[PDB]
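Reproduced below: protein_31.txt, with compact mmCIF, C-alpha atoms and all ligand atoms.
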```txt
# COMPACT_ATOMS: atom_id res chain seq x y z
CA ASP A 30 140.44 211.11 104.61
CA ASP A 31 138.57 213.62 106.80
CA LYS A 32 136.34 214.55 103.85
CA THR A 33 135.32 210.99 102.93
CA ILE A 34 132.38 209.65 104.94
CA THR A 35 130.52 206.34 105.12
CA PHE A 36 126.74 206.68 105.12
CA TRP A 37 124.39 203.90 106.24
CA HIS A 38 120.62 204.06 105.67
CA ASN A 39 117.68 201.66 105.29
CA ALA A 40 116.30 202.61 101.86
CA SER A 41 117.32 199.45 100.01
CA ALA A 42 115.01 199.96 97.01
CA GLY A 43 112.86 202.39 95.06
CA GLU A 44 112.89 206.18 94.98
CA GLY A 45 114.11 206.33 98.58
CA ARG A 46 117.35 204.63 97.60
CA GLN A 47 117.75 207.00 94.65
CA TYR A 48 117.02 210.01 96.87
CA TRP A 49 120.05 209.33 99.06
CA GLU A 50 122.26 208.86 95.99
CA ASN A 51 121.05 212.20 94.66
CA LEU A 52 121.54 213.92 98.01
CA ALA A 53 125.06 212.54 98.33
CA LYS A 54 125.89 213.65 94.79
CA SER A 55 124.46 217.13 95.39
CA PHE A 56 126.44 217.37 98.62
CA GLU A 57 129.63 216.34 96.81
CA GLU A 58 128.91 218.95 94.15
CA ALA A 59 128.25 221.69 96.72
CA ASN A 60 131.28 220.74 98.83
CA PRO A 61 134.11 219.88 96.39
CA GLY A 62 136.63 217.45 97.88
CA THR A 63 133.99 215.55 99.86
CA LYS A 64 132.96 211.98 99.04
CA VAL A 65 129.93 210.12 100.41
CA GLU A 66 130.14 206.33 100.26
CA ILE A 67 126.67 204.85 100.69
CA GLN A 68 125.53 201.52 102.10
CA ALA A 69 121.83 200.92 101.41
CA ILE A 70 120.76 198.27 103.90
CA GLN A 71 117.56 196.22 103.96
CA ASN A 72 115.54 197.43 106.95
CA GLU A 73 115.32 194.08 108.73
CA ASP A 74 119.12 193.75 108.69
CA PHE A 75 119.85 197.31 109.79
CA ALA A 76 119.80 197.19 113.61
CA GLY A 77 121.91 194.04 113.66
CA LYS A 78 124.45 195.42 111.21
CA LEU A 79 124.67 198.82 112.91
CA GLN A 80 125.00 197.45 116.44
CA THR A 81 127.66 194.97 115.34
CA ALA A 82 129.62 197.58 113.39
CA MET A 83 129.57 200.22 116.14
CA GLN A 84 131.21 197.83 118.59
CA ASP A 85 134.30 199.33 116.95
CA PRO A 86 133.50 202.98 116.06
CA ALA A 87 136.84 203.45 114.28
CA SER A 88 135.65 201.12 111.50
CA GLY A 89 131.91 201.80 111.79
CA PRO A 90 129.81 204.16 109.64
CA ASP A 91 130.33 207.92 110.00
CA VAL A 92 126.64 208.73 109.52
CA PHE A 93 123.87 206.24 110.27
CA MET A 94 120.10 206.03 110.65
CA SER A 95 118.65 205.94 114.16
CA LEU A 96 117.08 202.90 115.80
CA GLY A 97 115.00 205.10 118.09
CA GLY A 98 113.95 205.31 121.73
CA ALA A 99 115.83 203.06 124.13
CA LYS A 100 117.67 201.53 121.17
CA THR A 101 119.26 204.92 120.55
CA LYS A 102 119.92 205.39 124.28
CA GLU A 103 121.65 201.99 124.34
CA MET A 104 124.05 203.30 121.70
CA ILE A 105 124.39 206.65 123.47
CA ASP A 106 125.33 204.94 126.74
CA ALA A 107 127.85 202.73 124.94
CA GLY A 108 129.60 205.80 123.52
CA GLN A 109 128.55 205.07 119.94
CA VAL A 110 126.69 208.31 119.15
CA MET A 111 128.00 211.88 119.04
CA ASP A 112 126.26 214.63 120.99
CA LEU A 113 125.08 217.13 118.36
CA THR A 114 123.48 219.62 120.77
CA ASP A 115 125.97 222.31 119.76
CA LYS A 116 126.42 221.01 116.19
CA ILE A 117 122.92 221.07 114.67
CA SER A 118 121.99 224.06 112.51
CA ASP A 119 119.58 226.89 113.26
CA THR A 120 117.52 225.56 110.35
CA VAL A 121 117.15 222.22 112.14
CA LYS A 122 116.50 223.93 115.49
CA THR A 123 113.76 226.02 113.89
CA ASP A 124 112.13 223.60 111.44
CA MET A 125 112.36 220.37 113.48
CA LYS A 126 111.25 221.77 116.85
CA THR A 127 108.45 219.24 117.24
CA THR A 128 110.51 216.19 116.22
CA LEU A 129 113.84 216.99 117.91
CA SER A 130 112.42 215.81 121.25
CA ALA A 131 112.51 212.29 119.81
CA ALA A 132 116.27 212.71 119.27
CA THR A 133 116.79 214.35 122.67
CA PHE A 134 118.14 212.32 125.59
CA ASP A 135 119.13 213.84 128.95
CA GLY A 136 118.63 217.27 127.39
CA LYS A 137 121.14 216.52 124.63
CA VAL A 138 120.34 216.20 120.91
CA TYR A 139 121.81 213.13 119.21
CA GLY A 140 120.45 213.32 115.67
CA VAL A 141 118.93 215.36 112.86
CA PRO A 142 115.28 214.35 112.27
CA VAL A 143 114.33 213.69 108.63
CA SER A 144 110.91 212.03 108.97
CA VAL A 145 107.96 211.49 111.31
CA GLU A 146 105.69 208.47 110.88
CA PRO A 147 102.57 207.97 113.02
CA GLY A 148 101.01 204.50 112.91
CA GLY A 149 97.50 203.55 111.84
CA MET A 150 95.47 201.51 109.38
CA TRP A 151 96.15 201.82 105.66
CA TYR A 152 93.38 200.42 103.49
CA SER A 153 91.86 200.03 100.04
CA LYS A 154 88.73 202.18 99.85
CA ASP A 155 87.56 200.01 96.95
CA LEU A 156 87.83 196.66 98.76
CA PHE A 157 86.14 198.22 101.79
CA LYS A 158 83.16 199.38 99.74
CA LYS A 159 82.98 195.98 98.04
CA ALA A 160 82.55 194.40 101.49
CA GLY A 161 79.89 196.91 102.54
CA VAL A 162 82.17 198.88 104.87
CA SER A 163 81.00 202.47 104.36
CA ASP A 164 82.64 203.89 107.48
CA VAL A 165 86.04 203.16 108.99
CA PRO A 166 85.69 201.27 112.30
CA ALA A 167 85.72 203.50 115.38
CA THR A 168 86.08 200.52 117.73
CA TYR A 169 87.97 197.23 117.80
CA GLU A 170 84.78 195.15 117.76
CA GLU A 171 83.67 197.08 114.67
CA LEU A 172 87.08 196.47 113.10
CA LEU A 173 86.69 192.74 113.77
CA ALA A 174 83.18 192.82 112.31
CA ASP A 175 84.54 194.59 109.23
CA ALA A 176 87.24 191.94 108.82
CA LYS A 177 84.55 189.25 108.78
CA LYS A 178 82.67 191.16 106.08
CA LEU A 179 85.86 191.60 104.03
CA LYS A 180 86.49 187.86 104.32
CA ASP A 181 82.93 187.00 103.28
CA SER A 182 83.38 189.34 100.31
CA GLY A 183 86.23 187.18 99.02
CA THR A 184 89.35 189.13 99.96
CA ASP A 185 91.97 188.86 102.69
CA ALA A 186 90.90 191.39 105.30
CA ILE A 187 94.32 192.06 106.84
CA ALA A 188 97.78 191.82 105.29
CA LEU A 189 100.31 190.91 107.98
CA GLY A 190 104.08 190.76 107.51
CA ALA A 191 104.58 188.48 110.50
CA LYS A 192 107.88 186.99 109.29
CA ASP A 193 109.51 190.31 110.20
CA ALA A 194 107.79 189.99 113.60
CA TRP A 195 107.42 193.73 114.31
CA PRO A 196 104.51 194.20 111.88
CA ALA A 197 102.58 191.64 113.94
CA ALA A 198 103.77 193.20 117.18
CA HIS A 199 102.30 196.54 116.07
CA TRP A 200 98.82 195.12 116.68
CA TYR A 201 99.91 194.29 120.22
CA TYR A 202 101.50 197.72 120.80
CA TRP A 203 98.31 199.53 119.80
CA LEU A 204 96.10 197.25 121.88
CA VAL A 205 98.23 197.91 124.97
CA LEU A 206 98.14 201.65 124.28
CA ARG A 207 94.34 201.44 124.05
CA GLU A 208 93.93 199.13 127.07
CA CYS A 209 96.42 200.57 129.58
CA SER A 210 95.82 203.87 131.33
CA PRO A 211 98.36 206.54 130.30
CA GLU A 212 99.84 206.23 133.79
CA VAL A 213 100.32 202.46 133.69
CA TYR A 214 101.67 202.65 130.14
CA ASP A 215 104.28 205.31 130.92
CA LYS A 216 105.42 203.60 134.12
CA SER A 217 105.38 200.15 132.51
CA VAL A 218 107.59 201.42 129.69
CA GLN A 219 109.88 203.50 131.93
CA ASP A 220 110.26 200.94 134.74
CA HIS A 221 109.91 197.84 132.56
CA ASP A 222 106.97 196.72 134.70
CA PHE A 223 104.50 194.46 132.88
CA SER A 224 102.43 193.23 135.83
CA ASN A 225 99.21 195.12 135.07
CA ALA A 226 96.37 193.02 133.63
CA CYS A 227 96.15 195.24 130.53
CA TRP A 228 99.31 193.61 129.15
CA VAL A 229 97.50 190.26 129.14
CA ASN A 230 94.16 191.63 127.94
CA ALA A 231 95.84 193.20 124.91
CA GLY A 232 97.24 189.78 124.05
CA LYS A 233 93.83 188.18 124.44
CA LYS A 234 92.24 190.77 122.15
CA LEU A 235 94.90 190.01 119.53
CA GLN A 236 94.28 186.27 119.90
CA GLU A 237 90.61 186.95 119.17
CA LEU A 238 91.59 188.58 115.88
CA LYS A 239 93.91 185.71 114.98
CA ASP A 240 91.20 183.13 115.65
CA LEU A 241 88.96 184.83 113.08
CA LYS A 242 91.46 183.72 110.42
CA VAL A 243 91.24 186.99 108.50
CA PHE A 244 94.96 187.37 107.76
CA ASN A 245 96.49 186.53 104.40
CA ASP A 246 97.13 182.78 104.45
CA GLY A 247 100.94 182.89 104.45
CA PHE A 248 101.23 185.68 107.04
CA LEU A 249 103.86 183.78 109.06
CA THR A 250 106.14 183.73 106.00
CA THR A 251 105.20 187.24 104.82
CA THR A 252 107.69 190.10 105.15
CA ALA A 253 106.55 193.70 105.57
CA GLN A 254 108.12 195.29 102.50
CA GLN A 255 110.04 192.82 100.29
CA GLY A 256 108.33 191.92 97.02
CA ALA A 257 104.85 192.05 95.49
CA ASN A 258 103.66 189.45 98.00
CA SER A 259 104.85 191.33 101.08
CA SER A 260 102.08 192.72 103.29
CA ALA A 261 102.52 196.15 101.69
CA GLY A 262 102.63 194.44 98.30
CA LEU A 263 99.33 192.65 98.92
CA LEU A 264 97.65 195.93 99.85
CA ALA A 265 99.25 197.73 96.90
CA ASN A 266 97.98 195.09 94.46
CA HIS A 267 94.56 194.82 96.13
CA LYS A 268 95.06 191.22 97.27
CA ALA A 269 94.31 192.38 100.82
CA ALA A 270 92.14 195.15 102.26
CA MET A 271 94.29 196.74 104.98
CA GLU A 272 97.43 196.70 107.10
CA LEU A 273 98.60 198.39 110.30
CA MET A 274 101.76 200.34 109.51
CA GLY A 275 103.73 203.57 109.90
CA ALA A 276 103.24 206.57 107.60
CA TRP A 277 106.10 205.51 105.33
CA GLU A 278 103.37 203.31 103.83
CA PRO A 279 102.43 205.31 100.69
CA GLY A 280 106.01 205.32 99.38
CA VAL A 281 106.41 201.59 99.95
CA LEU A 282 103.12 200.83 98.21
CA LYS A 283 103.89 203.03 95.20
CA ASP A 284 107.02 201.00 94.36
CA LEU A 285 105.24 197.63 94.68
CA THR A 286 102.41 198.41 92.24
CA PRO A 287 102.69 196.87 88.76
CA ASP A 288 103.35 200.26 87.14
CA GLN A 289 105.17 201.51 90.25
CA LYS A 290 102.82 204.48 90.58
CA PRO A 291 100.99 205.46 93.80
CA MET A 292 98.04 203.35 94.98
CA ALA A 293 94.93 205.13 93.71
CA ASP A 294 92.38 204.28 96.42
CA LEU A 295 94.64 204.42 99.49
CA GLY A 296 92.92 205.55 102.68
CA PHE A 297 93.95 205.98 106.31
CA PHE A 298 92.22 205.69 109.67
CA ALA A 299 93.52 205.71 113.24
CA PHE A 300 93.75 202.47 115.19
CA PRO A 301 90.32 202.08 116.79
CA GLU A 302 89.34 202.51 120.43
CA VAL A 303 88.83 199.48 122.66
CA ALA A 304 85.69 199.23 124.78
CA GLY A 305 86.62 198.97 128.45
CA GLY A 306 90.12 200.25 127.77
CA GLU A 307 91.46 203.18 129.81
CA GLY A 308 93.90 204.44 127.19
CA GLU A 309 93.83 208.12 126.27
CA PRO A 310 91.41 208.70 123.38
CA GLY A 311 93.32 209.72 120.25
CA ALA A 312 96.74 208.73 121.62
CA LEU A 313 99.33 208.37 118.85
CA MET A 314 102.13 205.88 118.42
CA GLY A 315 104.76 206.21 115.73
CA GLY A 316 108.39 206.80 114.89
CA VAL A 317 110.76 209.65 114.22
CA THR A 318 113.78 208.90 112.07
CA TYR A 319 116.92 210.94 112.58
CA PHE A 320 120.48 210.48 111.41
CA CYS A 321 123.31 210.19 113.88
CA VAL A 322 127.05 210.77 113.74
CA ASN A 323 129.91 208.50 114.79
CA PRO A 324 131.80 210.00 117.75
CA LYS A 325 134.97 209.59 115.67
CA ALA A 326 133.55 211.38 112.61
CA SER A 327 134.82 214.65 111.13
CA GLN A 328 132.94 217.92 110.59
CA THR A 329 132.08 216.70 107.09
CA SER A 330 129.67 214.18 108.62
CA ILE A 331 128.09 216.94 110.72
CA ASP A 332 127.66 219.11 107.65
CA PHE A 333 126.02 216.20 105.83
CA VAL A 334 123.36 215.53 108.48
CA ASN A 335 122.62 219.26 108.71
CA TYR A 336 122.41 219.27 104.91
CA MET A 337 119.61 216.69 105.22
CA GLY A 338 117.64 219.16 107.32
CA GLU A 339 117.67 221.90 104.70
CA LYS A 340 114.15 222.74 103.53
CA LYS A 341 114.68 221.82 99.87
CA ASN A 342 116.23 218.46 100.77
CA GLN A 343 113.37 217.64 103.15
CA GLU A 344 110.89 218.53 100.41
CA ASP A 345 112.67 216.18 98.01
CA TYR A 346 112.65 213.62 100.83
CA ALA A 347 108.88 213.88 101.22
CA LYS A 348 108.43 213.46 97.47
CA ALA A 349 110.85 210.54 97.10
CA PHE A 350 109.64 208.61 100.14
CA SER A 351 105.99 209.74 99.98
CA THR A 352 105.98 210.25 103.74
CA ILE A 353 105.86 213.13 106.22
CA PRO A 354 109.11 215.10 106.47
CA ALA A 355 110.30 216.16 109.93
CA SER A 356 110.82 219.74 108.75
CA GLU A 357 107.53 221.56 109.37
CA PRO A 358 107.78 224.00 106.44
CA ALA A 359 108.75 221.12 104.14
CA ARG A 360 105.42 219.42 104.87
CA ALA A 361 103.81 221.91 102.47
CA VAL A 362 104.76 219.73 99.49
CA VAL A 363 102.89 216.71 100.87
CA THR A 364 100.14 215.96 98.34
CA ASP A 365 98.97 212.43 99.17
CA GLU A 366 95.46 212.74 100.61
CA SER A 367 95.90 210.10 103.31
CA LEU A 368 99.19 211.67 104.42
CA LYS A 369 97.47 215.05 104.73
CA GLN A 370 94.98 213.40 107.07
CA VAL A 371 97.80 211.90 109.15
CA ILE A 372 99.48 215.32 109.37
CA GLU A 373 96.24 216.76 110.75
CA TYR A 374 95.98 213.72 113.02
CA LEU A 375 99.56 214.42 114.12
CA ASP A 376 99.12 218.17 114.61
CA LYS A 377 96.32 217.86 117.19
CA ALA A 378 97.15 214.55 118.88
CA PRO A 379 97.24 214.66 122.70
CA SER A 380 100.57 212.80 122.69
CA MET A 381 102.82 210.53 120.61
CA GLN A 382 104.58 207.46 121.99
CA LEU A 383 107.46 205.90 120.08
CA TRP A 384 107.09 202.36 118.72
CA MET A 385 106.83 200.15 121.81
CA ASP A 386 109.74 197.86 120.92
CA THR A 387 112.05 200.82 120.27
CA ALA A 388 110.81 202.46 123.48
CA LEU A 389 111.58 199.29 125.46
CA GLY A 390 114.98 198.53 123.91
CA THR A 391 116.64 195.74 121.94
CA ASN A 392 116.35 192.90 124.46
CA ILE A 393 112.72 193.45 125.49
CA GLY A 394 111.67 194.66 122.04
CA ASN A 395 113.01 191.63 120.18
CA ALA A 396 111.66 189.27 122.84
CA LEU A 397 108.23 190.91 122.64
CA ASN A 398 108.08 190.76 118.85
CA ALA A 399 109.02 187.08 118.70
CA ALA A 400 106.58 186.21 121.48
CA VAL A 401 103.73 187.88 119.60
CA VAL A 402 104.56 185.78 116.53
CA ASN A 403 104.70 182.63 118.68
CA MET A 404 101.15 183.28 119.89
CA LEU A 405 99.88 184.00 116.37
CA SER A 406 101.40 180.69 115.25
CA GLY A 407 99.58 178.92 118.09
CA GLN A 408 102.79 178.02 119.92
CA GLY A 409 102.27 180.66 122.60
CA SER A 410 99.70 182.51 124.69
CA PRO A 411 98.99 186.10 125.79
CA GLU A 412 100.56 185.19 129.15
CA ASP A 413 103.71 183.99 127.39
CA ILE A 414 104.10 187.40 125.75
CA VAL A 415 104.30 189.10 129.15
CA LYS A 416 106.64 186.40 130.46
CA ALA A 417 108.89 186.90 127.43
CA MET A 418 109.06 190.65 128.08
CA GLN A 419 109.76 190.14 131.78
CA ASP A 420 112.49 187.60 131.05
CA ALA A 421 114.22 189.93 128.58
CA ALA A 422 113.86 192.92 130.92
CA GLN A 423 116.17 191.22 133.42
CA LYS A 424 119.14 192.09 131.22
CA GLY A 425 117.95 195.65 130.58
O1 LIG B 501 111.04 207.89 106.34
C1 LIG B 501 110.64 206.97 105.34
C2 LIG B 501 111.18 205.58 105.60
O2 LIG B 501 110.59 205.03 106.81
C3 LIG B 501 111.61 204.65 107.71
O3 LIG B 501 111.88 203.28 107.56
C4 LIG B 501 110.94 202.45 108.21
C5 LIG B 501 111.49 202.03 109.56
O4 LIG B 501 111.49 203.13 110.44
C6 LIG B 501 110.67 200.91 110.16
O5 LIG B 501 111.21 200.62 111.46
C7 LIG B 501 110.37 199.77 112.21
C8 LIG B 501 109.38 200.59 112.99
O6 LIG B 501 108.55 199.76 113.76
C9 LIG B 501 109.33 199.18 114.77
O7 LIG B 501 108.50 198.46 115.65
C10 LIG B 501 110.34 198.24 114.16
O8 LIG B 501 111.13 197.68 115.19
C11 LIG B 501 111.23 198.99 113.19
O9 LIG B 501 112.05 198.08 112.50
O10 LIG B 501 110.66 199.81 109.29
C12 LIG B 501 109.95 200.18 108.13
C13 LIG B 501 110.74 201.21 107.36
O11 LIG B 501 110.05 201.55 106.18
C14 LIG B 501 112.85 205.43 107.31
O12 LIG B 501 112.77 206.74 107.86
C15 LIG B 501 112.69 205.46 105.80
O13 LIG B 501 113.25 204.34 105.14
```
Let me see whether you can do it: turn the structure in this file into structure tokens.
Ligand SMILES: OC[C@@H]1O[C@@H](O[C@@H]2[C@@H](O)[C@H](O[C@@H]3CO[C@@H](O)[C@H](O)[C@H]3O)OC[C@H]2O)[C@H](O)[C@H]1O
Amino acid sequence: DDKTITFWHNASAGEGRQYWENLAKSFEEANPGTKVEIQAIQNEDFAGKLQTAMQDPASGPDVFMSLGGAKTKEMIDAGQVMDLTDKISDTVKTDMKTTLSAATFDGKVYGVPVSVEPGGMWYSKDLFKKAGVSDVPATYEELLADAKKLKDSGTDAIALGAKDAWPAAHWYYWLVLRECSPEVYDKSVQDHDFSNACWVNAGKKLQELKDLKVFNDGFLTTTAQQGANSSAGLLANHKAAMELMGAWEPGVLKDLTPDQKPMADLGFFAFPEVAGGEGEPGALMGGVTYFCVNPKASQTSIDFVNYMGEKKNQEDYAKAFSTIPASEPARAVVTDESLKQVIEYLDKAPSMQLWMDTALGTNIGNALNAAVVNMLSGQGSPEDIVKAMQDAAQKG
């Protein structure tokens, strides 16, 4: 039925999951005859499920969440994503000007942005003060010193969801961004060239952190977002002082607290600078989430993604997910103090790179993430990370 659509997203729990149900219901109410069938998928399963399903578009989802960067382009090249250049609404064109570039490939728009999530450190202001950290660390050495103080003060300095691999890899991404010159970074990512020494130095700096033993003890078996003992869960329940994460963080924390209300003393600060690094000061890394349409989908799917972009729906999105909506005017309803600081951060950043693994693609990205975990587990080295990336890059 041309008016029945299958909708895949990654909000498997909490208010985010309920938001999509409500949006679907409101869409069905506003467009009688339409039916939205939802599949709420756990984030760590999403890419695998989507890529497998879209090998046969005729039986794949009509509307699905983006993977981002080269991972999107992979799907575009394979004929698994509809060009929406001439399909997106004036509302989207107007309100998502800044974020549409993330969904734009070869001058063509392939999705409707719904959220923007810069990365950085999310921390407990209370645990920081208890360790004698009165100022967020401007530099990496100061961050390391602060971790020592947090450890001495009887808490786990850094929550790390290393079982999911990418949360660990985020430390590596940021260190490369801080170490590599903007030129080397852009060329390295575009050409898949990882020969510059900065790719090794970043690994060595991360190994230094790991050898301080300031992670939560079970970090290798810790997921990012599943349960009270996930890395987000540890931060939410003040069992750990900080974690490096995207700006979806506040909404994940709020559903892992014992009363499932927002974390009271949540603070944010940008990933610090690295002495001797030639990275651009203030450079941002993050993600933009947009929703895509199956090339075989009907106009009903197009209407649904455009419906997401409507100001009221983006405002409800911001409230449900406690994150930054892609729609600029919708950002007015953002109340969380740390999110307001990230928005400012975002508004005057010199540039924003996409998450390194998404920017590099599935093969390199997955190889990189696993290699970072191997080093953190002591079964690998900084050199092995580069070798893993190079090996994977041979396939593309
Ligand atoms: O918009 C609010 C919620 O946040 C997004 O979901 C995020 C998702 O984007 C994130 O993807 C990670 C990003 O880092 C990459 O390195 C990694 O490969 C990738 O898996 O995972 C966390 C999840 O909360 C969605 O827009 C929405 O659920």
Exercise. Fewer than 6 positions away in the same chain doesn't count, so skip those; otherwise give me all residues within 10 Å of residue A:120, counting all atoms listed in the file, as a PyMOL selection string.
Key: chain A and resi 126+335-336+338-340+356
Exercise. For residue A:349, list every protein, DNA or RNA residue within 10 Å, evaluated using only C-alpha atoms, and leave out those in the same chain fewer than 4 positions away; present the list as a PyMOL selection string.
Key: chain A and resi 43-49+280+343-345
Exercise. Name the closest residue to ligand LIG 501 (chain B) among the candidates A:134, A:152, A:244, A:202; distances are taken between atoms, counting only C-alpha atoms and all ligand atoms.
Key: A:202
Quiz item: Nearest to ligand LIG 501 (chain B): which of A:165, A:70, A:304, A:385 is it, counting only C-alpha atoms and all ligand atoms?
Solution: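 Among the listed residues, A:385 lies closest to ligand LIG 501 (chain B).
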Quiz item: Within 6 Å of residue A:315, counting only C-alpha atoms, which residues qualify if same-chain residues fewer than 3 places away don't, as a list in words?
Solution: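 These residues fall inside the cut-off: residues 146, 147, 148, 383 and 384 of chain A.
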Quiz prompt | Non-local contacts of residue A:113 (9 Å; all atoms listed in the file; under 6 positions in same chain excluded) as a list in words | solution =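 Residues near the query, excluding close chain neighbours: residues 137, 138, 139, 140, 141, 321, 322 and 331 of chain A.
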Quiz item: Restricting the calculation to all atoms listed in the file, which member of A:260, A:63, A:387, A:39 is positioned closest to residue A:193?
Solution: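 Closest candidate: A:260.
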Contact table chain A vs ligand LIG 501 (chain B), cut-off 8 Å, shortest pair per residue, only C-alpha atoms and all ligand atoms, as a tab-separated table:
```
residue	atom	partner	partner_atom	distance
A:38	CA	B:LIG501	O13	7.4
A:39	CA	B:LIG501	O13	5.2
A:40	CA	B:LIG501	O13	4.8
A:45	CA	B:LIG501	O13	6.9
A:72	CA	B:LIG501	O10	5.9
A:73	CA	B:LIG501	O9	6.4
A:76	CA	B:LIG501	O9	7.9
A:94	CA	B:LIG501	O12	7.9
A:96	CA	B:LIG501	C11	7.5
A:143	CA	B:LIG501	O1	7.1
A:144	CA	B:LIG501	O1	4.9
A:145	CA	B:LIG501	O1	6.9
A:146	CA	B:LIG501	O1	7.0
A:195	CA	B:LIG501	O7	5.0
A:196	CA	B:LIG501	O7	6.9
A:198	CA	B:LIG501	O7	7.2
A:199	CA	B:LIG501	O7	6.5
A:253	CA	B:LIG501	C12	7.8
A:254	CA	B:LIG501	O11	7.5
A:275	CA	B:LIG501	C8	7.1
A:276	CA	B:LIG501	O2	7.6
A:277	CA	B:LIG501	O2	4.8
A:278	CA	B:LIG501	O11	7.3
A:280	CA	B:LIG501	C1	7.7
A:281	CA	B:LIG501	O11	7.2
A:315	CA	B:LIG501	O6	7.7
A:316	CA	B:LIG501	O4	6.5
A:317	CA	B:LIG501	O12	7.3
A:318	CA	B:LIG501	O12	4.8
A:319	CA	B:LIG501	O12	7.6
A:350	CA	B:LIG501	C1	5.5
A:351	CA	B:LIG501	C1	7.6
A:352	CA	B:LIG501	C1	5.9
A:353	CA	B:LIG501	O1	7.4
A:354	CA	B:LIG501	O1	7.5
A:384	CA	B:LIG501	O7	5.2
A:385	CA	B:LIG501	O7	6.6
A:386	CA	B:LIG501	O7	5.4
A:387	CA	B:LIG501	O8	6.0
A:394	CA	B:LIG501	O8	7.5
```
Exercise. Excluding residue A:406 and residues on its chain fewer than 4 positions from it, collect all residues at most 10 Å away from it, counting only C-alpha atoms, and give them as a list in words.
Key: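 Returned residues: residues 191, 239, 248, 249, 400, 401, 402 and 410 of chain A.
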Would you save the residues from that selection as a compact mmCIF listing (two decimals), in the coordinates of the input, using C-alpha atoms?
```
# COMPACT_ATOMS: atom_id res chain seq x y z
CA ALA A 191 104.58 188.48 110.50
CA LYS A 239 93.91 185.71 114.98
CA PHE A 248 101.23 185.68 107.04
CA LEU A 249 103.86 183.78 109.06
CA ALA A 400 106.58 186.21 121.48
CA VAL A 401 103.73 187.88 119.60
CA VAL A 402 104.56 185.78 116.53
CA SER A 410 99.70 182.51 124.69
```
Quiz item: Of the candidates A:365, A:308, A:200, A:119, which one gets nearest to residue A:212 if we count only C-alpha atoms?
Solution: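 Among A:365, A:308, A:200, A:119, it is A:308 that comes nearest to residue A:212.
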Quiz item: Closest to residue A:364 among A:41, A:291, A:389, A:35, using only C-alpha atoms?
Solution: A:291
Exercise. Could you tell me how far atom CA of residue A:125 lies from atom CA of residue A:370, in Å and to one decimal?
Key: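 Pair atom CA of residue A:125 / atom CA of residue A:370 returns 19.8 Å.
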Quiz item: Quick one, how far is atom CA of residue A:111 from atom CA of residue A:42?
Solution: 28.2 Å
Self-check item: Å distance separating atom CA of residue A:272 from atom CA of residue A:190, one decimal place
Solution: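 Calculated distance between atom CA of residue A:272 and atom CA of residue A:190 is 8.9 Å.
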Quiz item: Out of A:266, A:189, A:367, A:332, which residue has the shortest atom-to-atom distance to residue A:59 when counting all atoms listed in the file?
Solution: A:332
